[PDB]
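Inspection log for the structure reproduced underneath, given as structure tokens.
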Amino acid sequence: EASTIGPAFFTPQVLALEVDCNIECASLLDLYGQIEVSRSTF
Amino acid sequence: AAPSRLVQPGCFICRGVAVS
Amino acid sequence: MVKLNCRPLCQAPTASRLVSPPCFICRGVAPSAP
Amino acid sequence: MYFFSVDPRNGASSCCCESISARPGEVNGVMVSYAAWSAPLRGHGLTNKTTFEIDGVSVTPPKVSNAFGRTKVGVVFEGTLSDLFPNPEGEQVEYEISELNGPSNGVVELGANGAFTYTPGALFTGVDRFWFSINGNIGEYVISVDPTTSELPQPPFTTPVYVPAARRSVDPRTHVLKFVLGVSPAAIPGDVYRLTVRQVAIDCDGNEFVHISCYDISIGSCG
Amino acid sequence: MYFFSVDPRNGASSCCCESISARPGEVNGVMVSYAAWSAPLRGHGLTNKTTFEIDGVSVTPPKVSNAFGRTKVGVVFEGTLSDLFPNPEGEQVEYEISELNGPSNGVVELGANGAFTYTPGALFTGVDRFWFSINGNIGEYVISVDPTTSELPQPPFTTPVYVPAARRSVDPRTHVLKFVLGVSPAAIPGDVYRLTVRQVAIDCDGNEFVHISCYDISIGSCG
Amino acid sequence: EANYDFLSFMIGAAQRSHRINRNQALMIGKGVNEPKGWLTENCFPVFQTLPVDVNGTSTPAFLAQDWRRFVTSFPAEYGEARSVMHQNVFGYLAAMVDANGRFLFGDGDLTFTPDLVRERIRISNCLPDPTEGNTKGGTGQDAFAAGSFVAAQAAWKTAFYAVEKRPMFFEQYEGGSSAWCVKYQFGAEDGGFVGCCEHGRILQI
Amino acid sequence: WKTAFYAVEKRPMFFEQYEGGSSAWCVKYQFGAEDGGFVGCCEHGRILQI
Amino acid sequence: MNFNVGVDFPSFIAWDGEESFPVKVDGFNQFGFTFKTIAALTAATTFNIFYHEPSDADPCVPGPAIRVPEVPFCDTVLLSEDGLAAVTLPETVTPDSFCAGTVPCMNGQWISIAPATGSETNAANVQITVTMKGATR
Amino acid sequence: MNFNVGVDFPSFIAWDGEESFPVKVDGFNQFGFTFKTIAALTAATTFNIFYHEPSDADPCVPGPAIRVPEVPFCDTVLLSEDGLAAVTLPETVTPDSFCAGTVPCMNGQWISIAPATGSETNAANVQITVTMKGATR
């Protein structure tokens, strides 16, 4: 019978969502002046 | 640079009637 | 080498106030009295 | 940072124990290189089963006594300093609180006649000590700040010379034992203590090779 | 690590036996190089059939006696430490539990007057030792915690100088014998023991070539 | 095993951790081992508002008249400049009120939501906000923490430079990795400095 | 709300006459449905209280 | 509609706060602990982990208690100074929150927990149970 | 290779032989008991099942002890007298053997087991415990 036989005969429906809830912040790296460089100590 | 103040104009209205 | 893992059974709420700027005052009014 | 290369127990190359000069207040570091003894014993190097013991061969018992108090968080604590200097002869008591060895998470103000007040820093609970100096003689006054709930236990009245609880280490790749040697600010110059070390190596199968040495710590002022 | 090259019995090349210094508490290792004696006897090299024997040529019998007790697992054990030191004169007794030789699976709360309580570690079954010291006289006290069913045997009260049961090895490829030589913490400085080693070789067919040598262990303090 | 792909999670949770650490550094990074950020170097000219006497107590304050005088003062000879600030501050400006009770912005809309890119404000809510998160600042009394930071403004394309040498990279660390356990190693190399710091400005309390 | 609270749909209602128990003098119907929901992640929502 | 989750992951008491218990783990292949406190702790408590072996007198009763060695993975740097596995419930664990953990390699047939010395008067306020996984036979 | 299965099926104590312990079953959505005997019983042993409610004052402490009702499933002919759930550990159940039962319909948020009256003599030799199944936080 059912509801008294282990918990392995019933396979749950694995739905396809993934809750995240994580703010990075806000980007501030495109205002600054960008300069590619070479070997350090320019 | 030392912190400079930012004094702005106050509530300026009148030039001819002093308050009692 | 055990590495533990802990959760709380009952999370707690979290209240906070919502202070907002007061109706301003203006520093120094021209027509006035001492 | 002292460095001793221990005897190799090979039947080959004044007093017995090596010497260590220590000044009251310092907290130094010591290295010991068991390489000459444990390298031929091809095993798994050393193990962290070393033990230390500190015995005194000259003490000159202290003049002033210590004292222990109790208080909760935020509540000011008051205490005296006159019942701690048993003077066999009559003399004045130039109370002084050393600015170097003051409290850590609080503040004290010295009174004019054996008075002081320890107002702990806000939002702080734990144990806080500070070292007073009655007429050149030095002691300690230990107070515990309780989180107002029940009570706190008793701290162990730190000794003149100690080896800290868990700061030892060992590198089995080079057979070196490192430990810390700390001296209380109340250790009296001229005294001599003796430190003993039991270090245990290990063979391939888990047995033990023991080795004991000693060191003479002489508390001398000015290095 | 000691090393002795043995004489090859060729009719060629103060006291008789070689010299071994030892320190109370140490556990060292010894190597012997039978190469010069067994290499000419071309056969199957050495065989692990070496036998040892320890004799005392200067003993100074122990002042304080040893003792033995028993307890079940988890149960605390308490006993006396005063009926073990018959003192000839009348004087005081300063009992002490050497920290370097405390218990290994419990703690001991040494009371003020020859009294102590031994709390065995949680879920522990075996034998456990700790070396007391009455007026400087050292003797061991053995406690065997039983696994609550019946009993464990009565261990043999380790001698002042011993060679462990089985930690020896013979390298037939380089004709070298190794063993461990441990010295009890109850050894008395100045005493001298004698270890005789009987090592057996073997021919290609299965006969024996015996060889006997001796060593003089001198128990010295400070190595 | 472990159906959830863990490696791609860490490669994702490393570029993310790097992204915010770099952004955090160029602002308040302190000298050694991290670029000298322009908040802590403090050679931007700094303006600070003067307090107001709420029934004779002189609490610190910051009102809209201060914001207009701060942004128009920027000498237009340096170029066009953008202002950055924490979003609570912009919430603070939007909720002001004149003496009779009206709103100073959007005189009745339930909301003031202006075109920000037509106002050069560039909200980024990681900066320090003087509202102590929220629930501080803008009081009659008992708030607003004199000496705090509010907002900045500069010709950023020349007031602060960002230096990049070698972007993020990943590689299997051959050595320390055996036939049963892998050891990965990632890294990147970059830095930053201030340009000429007479091009910026800061507002305080 | 599209990611703060979720609603789970499985099956709409049904209706059928319960045969056993419905005599030729009485009659008894029977119905039911099956659904549910949960709270996704309460860091995407606020509440304004007094 | 909850299942008889008892079979297919049963569980037993391993430390009721006053005395330990050996739990058989031969019949199953994977297992772990679930710590849980009943009252606020005073300092970090440490438990030792022990594995038994089938007694020679009877193969259905545990023998003496050996201590399970310690296995580092890669990240391990502490190594607990002893090479003998042990758990340590940190301070500030409010008594409405559980903590899980398990040894990376079983050995023997039984497993046991007991409070290490020093923390024997705080362990009277904790509870440790063991829940297994699929049954081999 | 064993998994740290304390998370994802934790287990807690419910009757250590001297005291019942409410176990919070809200955060999870399936649970069951795994009985276990420590020494031979004397007769049949009966246990009552209780469910609690969130207390009136504090919402994270259990309220009073309410006796959970029992429901049949198309084959109950025993049909316990007063329609209240109860479990009867049968006599002649040896040690090293565990029985696992579970109440069908869940209610409340804390569940508990207590030795039914007239059977608390040899109930000190049982040790019930609970294991939940799947967090729903």
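Identifiers in the structure tokens: chain A, B, ... in order shown; residue index from 1 per chain; ligand index from 1 in order shown.
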Using every C-alpha atom paired in order, could you least-squares fit chain I onto chain H and give me the moved chain as a JSON list (two decimals) with C-alpha atoms, in the first residue's frame?
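The new file superposed_37.json reads:
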[["chain", "number", "residue", "atom", "x", "y", "z"],
["I", 1, "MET", "CA", 1.04, 12.88, 1.98],
["I", 2, "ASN", "CA", 4.11, 11.94, 4.01],
["I", 3, "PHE", "CA", 6.18, 8.82, 3.46],
["I", 4, "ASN", "CA", 7.13, 6.26, 6.09],
["I", 5, "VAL", "CA", 10.76, 7.24, 5.85],
["I", 6, "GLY", "CA", 12.18, 5.20, 8.65],
["I", 7, "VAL", "CA", 13.05, 2.40, 6.34],
["I", 8, "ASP", "CA", 15.28, 3.90, 3.68],
["I", 9, "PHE", "CA", 17.11, 6.43, 5.93],
["I", 10, "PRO", "CA", 16.66, 5.17, 9.49],
["I", 11, "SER", "CA", 18.10, 7.19, 12.36],
["I", 12, "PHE", "CA", 19.55, 6.19, 15.73],
["I", 13, "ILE", "CA", 20.90, 7.88, 18.84],
["I", 14, "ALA", "CA", 24.62, 8.40, 19.36],
["I", 15, "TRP", "CA", 24.95, 10.78, 22.34],
["I", 16, "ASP", "CA", 21.93, 11.63, 24.52],
["I", 17, "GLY", "CA", 23.98, 13.91, 26.77],
["I", 18, "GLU", "CA", 25.05, 11.16, 29.19],
["I", 19, "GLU", "CA", 26.16, 8.08, 27.23],
["I", 20, "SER", "CA", 27.46, 7.13, 23.79],
["I", 21, "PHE", "CA", 25.80, 4.38, 21.80],
["I", 22, "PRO", "CA", 27.54, 2.43, 19.03],
["I", 23, "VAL", "CA", 25.42, 2.43, 15.88],
["I", 24, "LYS", "CA", 25.86, -0.41, 13.43],
["I", 25, "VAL", "CA", 26.80, 1.00, 10.04],
["I", 26, "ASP", "CA", 27.60, -2.25, 8.22],
["I", 27, "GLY", "CA", 24.16, -2.93, 6.75],
["I", 28, "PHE", "CA", 24.20, 0.57, 5.24],
["I", 29, "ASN", "CA", 26.79, 2.39, 3.16],
["I", 30, "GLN", "CA", 26.40, 6.11, 3.95],
["I", 31, "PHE", "CA", 25.87, 7.85, 7.27],
["I", 32, "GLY", "CA", 26.06, 11.24, 8.93],
["I", 33, "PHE", "CA", 25.56, 13.14, 12.16],
["I", 34, "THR", "CA", 22.97, 15.85, 12.87],
["I", 35, "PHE", "CA", 23.96, 17.79, 15.98],
["I", 36, "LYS", "CA", 21.40, 19.72, 17.99],
["I", 37, "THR", "CA", 21.61, 22.00, 21.01],
["I", 38, "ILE", "CA", 19.16, 22.00, 23.91],
["I", 39, "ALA", "CA", 20.41, 25.12, 25.76],
["I", 40, "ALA", "CA", 22.99, 27.84, 25.26],
["I", 41, "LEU", "CA", 26.60, 26.69, 25.44],
["I", 42, "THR", "CA", 29.45, 28.21, 27.45],
["I", 43, "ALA", "CA", 32.41, 27.78, 25.08],
["I", 44, "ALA", "CA", 33.48, 25.72, 22.09],
["I", 45, "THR", "CA", 32.54, 22.06, 22.44],
["I", 46, "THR", "CA", 34.74, 19.34, 20.95],
["I", 47, "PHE", "CA", 33.79, 15.73, 20.22],
["I", 48, "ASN", "CA", 35.92, 12.72, 19.37],
["I", 49, "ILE", "CA", 34.88, 10.11, 16.81],
["I", 50, "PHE", "CA", 35.32, 6.38, 17.42],
["I", 51, "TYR", "CA", 34.86, 3.30, 15.25],
["I", 52, "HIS", "CA", 34.47, -0.26, 16.50],
["I", 53, "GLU", "CA", 35.16, -3.75, 15.18],
["I", 54, "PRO", "CA", 33.14, -6.97, 15.42],
["I", 55, "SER", "CA", 33.97, -8.44, 18.81],
["I", 56, "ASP", "CA", 36.31, -11.41, 19.05],
["I", 57, "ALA", "CA", 33.83, -13.67, 20.86],
["I", 58, "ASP", "CA", 30.42, -12.66, 19.39],
["I", 59, "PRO", "CA", 30.19, -11.34, 15.80],
["I", 60, "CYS", "CA", 27.15, -9.10, 16.41],
["I", 61, "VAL", "CA", 28.37, -7.05, 19.38],
["I", 62, "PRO", "CA", 30.86, -4.18, 19.04],
["I", 63, "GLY", "CA", 34.44, -4.63, 20.16],
["I", 64, "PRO", "CA", 36.60, -2.00, 21.85],
["I", 65, "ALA", "CA", 36.67, 1.73, 21.08],
["I", 66, "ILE", "CA", 39.26, 2.67, 18.45],
["I", 67, "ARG", "CA", 39.82, 6.30, 17.46],
["I", 68, "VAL", "CA", 39.23, 6.83, 13.74],
["I", 69, "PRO", "CA", 42.03, 8.61, 11.84],
["I", 70, "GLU", "CA", 41.36, 11.70, 9.75],
["I", 71, "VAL", "CA", 42.15, 12.48, 6.11],
["I", 72, "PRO", "CA", 42.52, 15.82, 4.26],
["I", 73, "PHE", "CA", 41.19, 16.83, 0.89],
["I", 74, "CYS", "CA", 43.42, 19.32, -0.90],
["I", 75, "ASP", "CA", 42.81, 22.28, 1.41],
["I", 76, "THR", "CA", 43.30, 21.21, 4.99],
["I", 77, "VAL", "CA", 45.58, 23.63, 6.79],
["I", 78, "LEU", "CA", 44.34, 23.12, 10.35],
["I", 79, "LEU", "CA", 45.49, 19.48, 10.21],
["I", 80, "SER", "CA", 44.60, 18.43, 13.76],
["I", 81, "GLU", "CA", 47.72, 17.85, 15.84],
["I", 82, "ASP", "CA", 47.77, 14.05, 16.24],
["I", 83, "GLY", "CA", 45.92, 13.27, 13.00],
["I", 84, "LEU", "CA", 42.78, 12.00, 14.74],
["I", 85, "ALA", "CA", 39.29, 13.01, 13.66],
["I", 86, "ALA", "CA", 37.34, 15.43, 15.83],
["I", 87, "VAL", "CA", 34.42, 17.83, 15.49],
["I", 88, "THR", "CA", 34.11, 21.22, 17.20],
["I", 89, "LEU", "CA", 30.61, 22.57, 17.73],
["I", 90, "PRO", "CA", 31.29, 26.32, 17.50],
["I", 91, "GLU", "CA", 30.29, 28.61, 20.32],
["I", 92, "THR", "CA", 27.29, 30.90, 19.77],
["I", 93, "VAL", "CA", 25.11, 28.25, 18.14],
["I", 94, "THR", "CA", 21.52, 28.76, 19.19],
["I", 95, "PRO", "CA", 18.88, 26.09, 19.71],
["I", 96, "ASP", "CA", 16.36, 25.48, 16.90],
["I", 97, "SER", "CA", 19.35, 25.15, 14.56],
["I", 98, "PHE", "CA", 21.15, 21.93, 13.61],
["I", 99, "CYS", "CA", 24.64, 21.32, 12.22],
["I", 100, "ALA", "CA", 25.43, 18.22, 10.18],
["I", 101, "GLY", "CA", 28.89, 16.74, 9.61],
["I", 102, "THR", "CA", 30.27, 13.41, 8.46],
["I", 103, "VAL", "CA", 33.60, 11.57, 8.41],
["I", 104, "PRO", "CA", 34.77, 11.01, 4.80],
["I", 105, "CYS", "CA", 36.36, 7.54, 4.92],
["I", 106, "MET", "CA", 34.37, 4.83, 6.68],
["I", 107, "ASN", "CA", 36.09, 2.04, 8.60],
["I", 108, "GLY", "CA", 34.97, -0.63, 11.01],
["I", 109, "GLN", "CA", 31.30, -1.44, 11.41],
["I", 110, "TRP", "CA", 30.20, 0.53, 14.50],
["I", 111, "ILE", "CA", 30.80, 4.27, 14.84],
["I", 112, "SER", "CA", 30.44, 6.36, 17.98],
["I", 113, "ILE", "CA", 30.86, 9.90, 19.27],
["I", 114, "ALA", "CA", 32.19, 10.85, 22.70],
["I", 115, "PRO", "CA", 32.69, 14.22, 24.42],
["I", 116, "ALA", "CA", 36.38, 15.05, 24.22],
["I", 117, "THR", "CA", 38.08, 15.72, 27.54],
["I", 118, "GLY", "CA", 37.94, 19.26, 28.86],
["I", 119, "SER", "CA", 34.58, 19.76, 27.15],
["I", 120, "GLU", "CA", 32.23, 17.32, 28.95],
["I", 121, "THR", "CA", 30.78, 20.11, 31.12],
["I", 122, "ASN", "CA", 28.57, 21.85, 28.54],
["I", 123, "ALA", "CA", 28.42, 18.70, 26.41],
["I", 124, "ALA", "CA", 25.34, 17.58, 28.34],
["I", 125, "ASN", "CA", 23.37, 20.16, 26.33],
["I", 126, "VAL", "CA", 24.08, 18.61, 22.93],
["I", 127, "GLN", "CA", 22.32, 15.56, 21.51],
["I", 128, "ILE", "CA", 24.08, 13.96, 18.55],
["I", 129, "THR", "CA", 22.36, 11.40, 16.35],
["I", 130, "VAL", "CA", 23.09, 9.45, 13.19],
["I", 131, "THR", "CA", 21.17, 8.68, 10.00],
["I", 132, "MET", "CA", 22.12, 6.03, 7.46],
["I", 133, "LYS", "CA", 21.46, 5.98, 3.73],
["I", 134, "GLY", "CA", 20.48, 2.96, 1.69],
["I", 135, "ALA", "CA", 20.41, -0.66, 2.78],
["I", 136, "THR", "CA", 22.90, -3.03, 1.15],
["I", 137, "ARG", "CA", 21.58, -6.32, 2.57]]
Within region 50-126 of chain H, find each residue whose DSSP state, derived from the backbone, is helix (DSSP H, G or I), and express the selection as number ranges by chain. H: 79-81, 123-125
Near residue 1 (chain B), within 9 Å and counting only C-alpha atoms, which residues show up once chain neighbours fewer than 3 positions away are dropped, as a PyMOL selection string? (chain B and resi 4) or (chain F and resi 42-46)
Can I get the selection written as a compact mmCIF listing (two decimals), in the first residue's frame, with C-alpha atoms?
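What landed in selection_20.txt:
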# COMPACT_ATOMS: atom_id res chain seq x y z
CA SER B 4 35.80 74.82 1.71
CA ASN F 42 41.32 62.82 -0.86
CA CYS F 43 42.89 65.35 -3.20
CA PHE F 44 39.62 66.17 -4.90
CA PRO F 45 38.39 69.60 -3.80
CA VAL F 46 35.70 69.01 -1.20
Would you mind listing what lies within 10 Å of residue 10 (chain D) as a PDB file with N, CA, C and O atoms, in the first residue's frame, with only C-alpha atoms counted and same-chain residues fewer than 3 positions away left out?
ATOM      1  N   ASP D   7      71.703  18.675  20.836  1.00  0.00           N
ATOM      2  CA  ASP D   7      72.748  17.667  20.797  1.00  0.00           C
ATOM      3  C   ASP D   7      72.268  16.455  20.007  1.00  0.00           C
ATOM      4  O   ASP D   7      71.081  16.116  20.050  1.00  0.00           O
ATOM      5  N   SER D  13      80.335  15.138  19.985  1.00  0.00           N
ATOM      6  CA  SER D  13      79.987  16.551  20.077  1.00  0.00           C
ATOM      7  C   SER D  13      78.606  16.819  19.489  1.00  0.00           C
ATOM      8  O   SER D  13      78.137  17.957  19.478  1.00  0.00           O
ATOM      9  N   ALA D  36      69.892  17.228  13.517  1.00  0.00           N
ATOM     10  CA  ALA D  36      71.034  16.366  13.797  1.00  0.00           C
ATOM     11  C   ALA D  36      70.649  15.114  14.569  1.00  0.00           C
ATOM     12  O   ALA D  36      71.427  14.157  14.594  1.00  0.00           O
ATOM     13  N   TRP D  37      69.476  15.093  15.194  1.00  0.00           N
ATOM     14  CA  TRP D  37      69.060  13.949  15.994  1.00  0.00           C
ATOM     15  C   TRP D  37      68.057  13.054  15.289  1.00  0.00           C
ATOM     16  O   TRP D  37      68.124  11.832  15.435  1.00  0.00           O
TER      17      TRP D  37
ATOM     18  N   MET E   1      71.349   8.886  17.422  1.00  0.00           N
ATOM     19  CA  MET E   1      71.509   7.527  16.928  1.00  0.00           C
ATOM     20  C   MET E   1      72.941   7.052  17.118  1.00  0.00           C
ATOM     21  O   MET E   1      73.876   7.652  16.595  1.00  0.00           O
ATOM     22  N   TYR E   2      73.105   5.980  17.884  1.00  0.00           N
ATOM     23  CA  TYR E   2      74.421   5.415  18.121  1.00  0.00           C
ATOM     24  C   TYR E   2      74.819   4.500  16.974  1.00  0.00           C
ATOM     25  O   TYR E   2      73.976   4.010  16.221  1.00  0.00           O
ATOM     26  N   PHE E   3      76.122   4.274  16.844  1.00  0.00           N
ATOM     27  CA  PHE E   3      76.656   3.449  15.767  1.00  0.00           C
ATOM     28  C   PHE E   3      77.921   2.769  16.257  1.00  0.00           C
ATOM     29  O   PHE E   3      78.865   3.445  16.672  1.00  0.00           O
ATOM     30  N   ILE E  20      77.899   3.454  25.986  1.00  0.00           N
ATOM     31  CA  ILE E  20      76.618   4.036  25.607  1.00  0.00           C
ATOM     32  C   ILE E  20      76.159   4.929  26.746  1.00  0.00           C
ATOM     33  O   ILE E  20      75.915   4.443  27.856  1.00  0.00           O
ATOM     34  N   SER E  21      76.048   6.221  26.483  1.00  0.00           N
ATOM     35  CA  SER E  21      75.466   7.133  27.450  1.00  0.00           C
ATOM     36  C   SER E  21      73.964   7.209  27.232  1.00  0.00           C
ATOM     37  O   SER E  21      73.472   7.051  26.112  1.00  0.00           O
ATOM     38  N   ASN E  28      66.118   6.176  22.390  1.00  0.00           N
ATOM     39  CA  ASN E  28      67.025   6.417  21.282  1.00  0.00           C
ATOM     40  C   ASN E  28      67.072   5.197  20.368  1.00  0.00           C
ATOM     41  O   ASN E  28      66.362   4.209  20.574  1.00  0.00           O
ATOM     42  N   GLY E  29      67.919   5.266  19.347  1.00  0.00           N
ATOM     43  CA  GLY E  29      68.078   4.167  18.417  1.00  0.00           C
ATOM     44  C   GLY E  29      69.533   3.823  18.191  1.00  0.00           C
ATOM     45  O   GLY E  29      70.392   4.708  18.198  1.00  0.00           O
ATOM     46  N   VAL E  30      69.828   2.544  17.991  1.00  0.00           N
ATOM     47  CA  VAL E  30      71.196   2.062  17.865  1.00  0.00           C
ATOM     48  C   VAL E  30      71.340   1.310  16.550  1.00  0.00           C
ATOM     49  O   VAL E  30      70.441   0.562  16.153  1.00  0.00           O
TER      50      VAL E  30
END
If we count only C-alpha atoms and set the cut-off at 7 Å, which residues sit around residue 76 (chain D), ignoring sequence neighbours fewer than 4 positions away in its own chain? Please answer as a PDB file with N, CA, C and O atoms, in the first residue's frame.
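Result went into out.pdb, see below:
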ATOM      1  N   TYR D 118      38.213  51.963  36.736  1.00  0.00           N
ATOM      2  CA  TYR D 118      38.274  51.291  35.441  1.00  0.00           C
ATOM      3  C   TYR D 118      36.904  51.374  34.781  1.00  0.00           C
ATOM      4  O   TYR D 118      36.021  50.559  35.060  1.00  0.00           O
ATOM      5  N   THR D 119      36.734  52.351  33.900  1.00  0.00           N
ATOM      6  CA  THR D 119      35.510  52.464  33.121  1.00  0.00           C
ATOM      7  C   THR D 119      35.688  51.725  31.803  1.00  0.00           C
ATOM      8  O   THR D 119      36.377  52.222  30.904  1.00  0.00           O
ATOM      9  N   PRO D 120      35.090  50.548  31.647  1.00  0.00           N
ATOM     10  CA  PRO D 120      35.331  49.759  30.436  1.00  0.00           C
ATOM     11  C   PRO D 120      34.747  50.430  29.207  1.00  0.00           C
ATOM     12  O   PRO D 120      33.801  51.215  29.286  1.00  0.00           O
TER      13      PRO D 120
END
